[PDB]
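**Student:** My structure is below; once you've seen it, I'll send some questions.
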Amino acid sequence: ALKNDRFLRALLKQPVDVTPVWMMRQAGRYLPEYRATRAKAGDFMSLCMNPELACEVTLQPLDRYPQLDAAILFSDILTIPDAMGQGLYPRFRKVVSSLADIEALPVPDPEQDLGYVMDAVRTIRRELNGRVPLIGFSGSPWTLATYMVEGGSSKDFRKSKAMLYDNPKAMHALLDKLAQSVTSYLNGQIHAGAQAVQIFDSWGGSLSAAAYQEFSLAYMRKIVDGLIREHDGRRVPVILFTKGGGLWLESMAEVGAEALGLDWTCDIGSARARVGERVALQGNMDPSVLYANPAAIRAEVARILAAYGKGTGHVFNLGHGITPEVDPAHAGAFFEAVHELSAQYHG
Amino acid sequence: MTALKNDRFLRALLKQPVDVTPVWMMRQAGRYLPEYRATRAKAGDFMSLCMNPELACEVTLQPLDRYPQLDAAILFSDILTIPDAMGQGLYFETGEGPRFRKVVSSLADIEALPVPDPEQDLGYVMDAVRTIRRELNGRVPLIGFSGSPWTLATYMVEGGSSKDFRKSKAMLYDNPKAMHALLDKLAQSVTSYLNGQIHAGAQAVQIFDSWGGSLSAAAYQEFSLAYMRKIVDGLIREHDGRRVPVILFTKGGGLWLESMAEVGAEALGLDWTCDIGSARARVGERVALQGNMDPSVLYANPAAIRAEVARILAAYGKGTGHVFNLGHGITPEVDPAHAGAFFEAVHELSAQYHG
Ligand SMILES: [Cl-]
Ligand SMILES: [Cl-]
C-alpha cells in the first residue's frame, strides 16, 4: 500500500512530479538520534542483529526529513561472510587463503542463518506503513571476497589482487559461492518485503578494466539472473553500484538491472548519453559538498539537475555515503533543493 | 642537439617509429631497492636525500644500473618542493607523513605567498638535474616533473596527507575565489619550476595530478585541468635541439581523457581502470599514452606478470604512441626480480607490435 512511490517510478522510467532523492548512509552517525540508538544497543553488531533497533535507525532519517523518498535497510555488508562462520568482529577471525578454505564455506540460508536480517526487513516494511519504498541490499561478490581474503579492511588490496593473478581458479570458486549466497540473500529480503534491491560493489573500482569484467561484473550478472524480479504485484527494481566504475557503464548497462549508481567523477549528462536509453541512473553528488554553505549546496544540486536534463530516469543521491561530521541541516538543505529545483525538469 | 644513446622513450611520446615499446616505472628509484634503502640510510632521511644533489643523482641511477631495459630516468625529488620553497614549513611528523607547519586558509594567506625562482631558490633541485644529466652520459632521456596545481593546493590547504580532502573541497565549494587564487599562483610556480628543470637538462616533463581524480567531472575542469593547461602553454617546448614532450597524468582521470587530450600536451598517463585499447580509440589520434599496469600485479609470480604485460600490449595494439608504465608507483615490498620480469616482458613481447 505505497503512498509515495516516485523512487520506484523514476527507476522504472515512469513520469514523476519531482526527482526522487535518498542518501547512502542516511541512517548514520551524523544523526544524534542514531548515536543515541547505537549507544542504546551497546555496540554496532547488537544494533544490526536486533530487528527492532535496525528498524528504529532505518526510520529515523525518514521522520527527520520528509523529503526523503526511500528507506534503506540498516545492516552490515558483511552479514554473509559472518554467517559463513568467518567470525566477524572490521576484521574476521577466520581468513580465506586456500582453495580448501573456500570449498568448506557453506552457502548461508537466508531465514535459518540470516533470520535477523529477514526479521528487520519484515519489521521495517510493516512500520513504514507504505510511506516510502524499502530498499534491500548486499555487497557484491567481488567486494565481499576481498573482505574475506584480506581478513577485513585493507591497505591496498595487494593480497586480494595477487591471489586474483596467481590463483584465478580459486578466486572464481569463491566468487561463485558468494554469487550464490548474495542471490538467495537478496531474494530473502525481497520475499520479506524489500521493494527494490541495491548491490554495493564498493571495491570493484580498484580492478583493471579487464579484471572488473571477469571478477566483479560477471558475478553481479549471475546474481541479477537469479533475482526475484517481481513481488507484491510490483516490479522490484535492481540497482548496481560500482563506485569508481564510471568507465564501465556500457557493460554494466547490459546486465539487465534497472539502474546504475554513479559517483561524482562521472558527468551525469555524459552518463545519460552513454547508457540512459538502457538504465535509470542514481547519483551522483560529491558528499564533500555537504560541508559547504547551503547556497553552494543548492548550486551544486542545480548543476547536476541541469546536467541530467528533462524527464524521468534519475534518482538523486550522493556518490558515496555521508560522513559523521556533516550538519544534519545541510543534509536537509540538499534534500529540499532536489525536490524544489527538479520540478522544472518534469512534465 | 645533444647526444642520447637511447631515445626510444622520446620517440614513442612523439609518435615516431620505435623498435620496442619503451618502459619506465614511477618510483623506480625507491624503497623496493635495497641499494636505495642503503643510500637513504646514509642520508638520514628522505628530505636530506632530496636536498643533496649527489645522493639524489646516486639513487636516480640505481634502477638503471640494475635494469638495463629501463628507457628513461626520472629526477629524484620531493613533490612538496614548491610549497616548502614558498615558506610553508615542510617537516615530517614521526608517525604520519609529510606535514606543513603553515596551512593555507584565507585569501590573505594566499596573497602573501611568493613564487619561488627555480635557480635562485631551488638550486638544489636544479643542481640535481644538471648532475644527473651529466652522470647519465646520454644512456637514457631524463624526465623532470612536478605536482599539478590542484595536487599541490590540496597539500597546502590540508597541511599534509589527507584521506577525504574534506578541507580542500570545502574550500573549493565555499571559497572558490581564494582557491582559484591559490591554484593560479601554483600554476605560475610550477611553470617556472619545470622550465628551470628543462633549462637544467630535463628532456621530458611529467605533471603528476595525483589527487585530481577525487574531483567531480565538473570541478576537475575548473580547478585542475584549467591550471595544467596554463602550465602547458607556458612551458619551454624545445631545448638542446629537441622537442621536450609533456606528459599529463591524472590518476583516476580516465573518464576525462577527451578534454585532457585537447590541452596540447604530447601524452597522457593512464591507470589500470582504463582499458588502454579504449583509451587509444578515444584520444590516440591526439596523444601518446603512458601506462597502465596495476602495480599489484608485481606481487604475482613472473608468469602472471608476463601474461598481464602481454594483455596490455595486445589491447594497445600495433604501432608507436605507447610508453609502458604502471598506473601508480611501485610499493616497497615488491621483489626486485619481479620488477625485472616486468621490464623484460615489455621489451621482449612488444617487438611484434612494431615494424
Ligand atoms: Cl555531473
Ligand atoms: Cl588495458
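Each residue's number is its place along the chain shown, starting with 1.
A Cβ is built for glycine as well, from the same backbone N, Cα and C atoms used for every other residue.
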**Student:** Hey, Swiss-Prot has substrate bound by B:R27, B:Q28, B:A29, B:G30, B:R31, B:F46, B:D78, B:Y155, B:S210. Any idea which of B:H239, B:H322, B:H328, B:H338 it lists too?
**Tutor:** B:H328
**Student:** Give me the non-local Cβ neighbours of B:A29 (substrate binding site): same chain, 6+ apart in sequence, Cβ-Cβ under 8 Å, ordered along the sequence.
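**Tutor:** Spatial neighbours, sequence-distant, of B:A29 (substrate binding site): B:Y36, B:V59, B:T60, B:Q62, B:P63, B:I74, B:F76.
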**Student:** Of all the binding-site residues here, B:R27, B:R31, which one's CB has the most other CB atoms within 10 A?
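**Tutor:** Of the binding-site residues B:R27, B:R31, the most buried by Cβ count within 10 Å is B:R27.
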**Student:** For the binding-site residues listed here (B:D78, B:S210), which one has the lowest count of neighbouring CB atoms within 10 Å of its own CB?
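**Tutor:** Checked B:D78, B:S210; of these binding-site residues, fewest Cβ neighbours within 10 Å: B:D78.
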**Student:** Should B:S210 (substrate binding site) be counted as helix, strand, or coil on the basis of DSSP?
**Tutor:** coil
**Student:** Which state, by DSSP, holds B:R31 (substrate binding site): helix, strand or coil?
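**Tutor:** Reduced to three states, the DSSP call for B:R31 (substrate binding site) is coil.
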**Student:** Measuring Cα to Cα across B:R27, B:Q28, B:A29, B:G30, B:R31, B:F46, B:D78, B:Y155, B:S210, B:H328, which the record gives as the substrate binders, how far apart are the two most distant ones in Å?
**Tutor:** 23
